[PDB]
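One chain follows as structure tokens, the form deposited in one PDB entry.
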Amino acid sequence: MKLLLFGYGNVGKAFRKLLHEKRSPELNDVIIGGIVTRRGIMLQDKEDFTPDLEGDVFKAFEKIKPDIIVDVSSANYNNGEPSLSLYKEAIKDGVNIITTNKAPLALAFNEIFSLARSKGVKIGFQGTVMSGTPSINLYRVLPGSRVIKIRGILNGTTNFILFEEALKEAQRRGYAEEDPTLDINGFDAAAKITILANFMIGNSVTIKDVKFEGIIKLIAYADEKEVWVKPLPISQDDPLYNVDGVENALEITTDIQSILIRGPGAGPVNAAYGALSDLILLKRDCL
């Protein structure tokens, strides 16, 4: 099976490295047919990017005919393109999608997932929320339960900050978005809670419906009625108390119980492992 790798920054390079470490027997048949950046299309799996052709992700898609697209490109919160149009075309063609790019999902979740479900196409999106720490995929192992509310710390960069020296270290460590105002001004946290509300609660929201601010903890919240992101004081008994540094946490409340998962919120290798986890699950037919 052939992957098209869309993006080759820190996450894309880390993903290619993880694939080549041969971490699961069911990835033995998986090859990268092509890699696309802003600089063009490489129709080969190489450690170093050198373009073979000029052209965008649609040209690469037509040239390669991939079985799966792995989207690790920059978030475009303006309109989610070209990923939004690309996912739609891939789903129509029966091409599975694995993504760490929040933007098309933060803007158009219902449109994308409705189309996928109607076509029997699978979407892996673990890396969009808390990188490699099961979040999306945690919910996959909570079947037959109704999610009532969601609460968490969903942005790694800003939690690591909690100024100029802090950010600089975070950018050095690769935690930050290419546009780091997306981290600071809360877009990233709001995108993640949007994705979580859609998937787990079923509350069809876009990032436009979320009330949010920026950088006590930056708390993202969703229930059946509302979705928001705001700073709040935290109790000592509250399980979010000492989720500090790059750490992120997701508290899922159901009809049965409340559970919390905590882990590294950001980090290119962690994000890439999220996408890799989705790939293994796809291969097992468990997405």
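Residue numbers run from 1 along the displayed sequence. Definition used throughout: the rigid core is the maximal C-alpha set that superposes within 1.5 Å between two forms.
K.L.:
Check whether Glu177 has no coordinates in at least a third of the other compared PDB entries of this protein, counting only entries that model residues on both sides of it.
P.N.:
Counting only entries that model residues on both sides, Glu177 is unresolved in at least a third of them.
K.L.:
Between us, would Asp237 come up missing in a third or more of the other compared entries?
P.N.:
Yes: coordinates for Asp237 absent from at least a third of the compared entries.
K.L.:
From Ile215 on to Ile216, does the model leave out none, 1 to 3, 4 to 9, or 10 or more residues of the deposited sequence?
P.N.:
Gap between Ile215 and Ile216: 4 to 9 unmodelled residues.
K.L.:
Our gap detector needs a label for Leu162 to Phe163. Which class matches the unmodelled residues of the deposited sequence there: none, 1 to 3, 4 to 9, or 10 or more?
P.N.:
According to the record, 4 to 9 deposited residues lack coordinates from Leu162 to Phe163.
K.L.:
Can you tell me which stretch has the higher mean Cα B-factor, 179 to 187 or 83 to 91?
P.N.:
Averaging CA B-factors over each stretch, the winner is 179 to 187.
K.L.:
Identify the stretch, either 232 to 240 or 63 to 71, whose C-alpha atoms have the larger mean B-factor according to the entry.
P.N.:
It is 232 to 240.
K.L.:
If you compare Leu142, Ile136, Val210, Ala197, which has the highest Cα B-factor in the entry?
P.N.:
The record points to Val210.
K.L.:
Considering only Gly124, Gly132, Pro104, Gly174, which residue's Cα atom bears the greatest B-factor as recorded?
P.N.:
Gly174 has the highest C-alpha B-factor of those listed.
K.L.:
Test of reading the entry: by CA B factor among the chain's modelled residues, which third contains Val147?
P.N.:
Its C-alpha B-factor, which the entry lists for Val147, ranks in the middle third among residues of this chain.
K.L.:
Quick check on the deposited entry: does the C-alpha B-factor of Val205 sit in the lowest, middle or highest third of its chain?
P.N.:
Highest third of the chain for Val205's C-alpha B-factor.
K.L.:
Compare the C-alpha B factor of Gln257 with those of the other modelled residues in its chain, then answer lowest, middle or highest third.
P.N.:
According to the entry, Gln257 has a C-alpha B-factor in the chain's lowest third.
K.L.:
How does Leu27 rank on Cα B-factor within its chain, lowest, middle or highest third?
P.N.:
Highest third, going by the recorded CA B-factors of the chain.
K.L.:
What third of its chain's C-alpha B-factors does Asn78 belong to: lowest, middle or highest?
P.N.:
For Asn78, whose C-alpha B-factor we compare with every modelled residue in the chain, the answer is the middle third.
Beyond what is shown, the protein has a form deposited in another entry; the following relates to that form.
K.L.:
Once the rigid core is lined up, just say which one of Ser74, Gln171, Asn203, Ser145 has a C-alpha that travels 2 Å or more between the shown form and the other one.
P.N.:
After core superposition, the one over threshold is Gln171.
K.L.:
Is the shift of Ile184 between the shown form and the other one large enough to count as movement, that is, does its C-alpha move by 2 Å or more after the core is superposed?
P.N.:
The answer is yes, as the C-alpha of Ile184 shifts between the shown form and the other one by 2 Å or more after core alignment.
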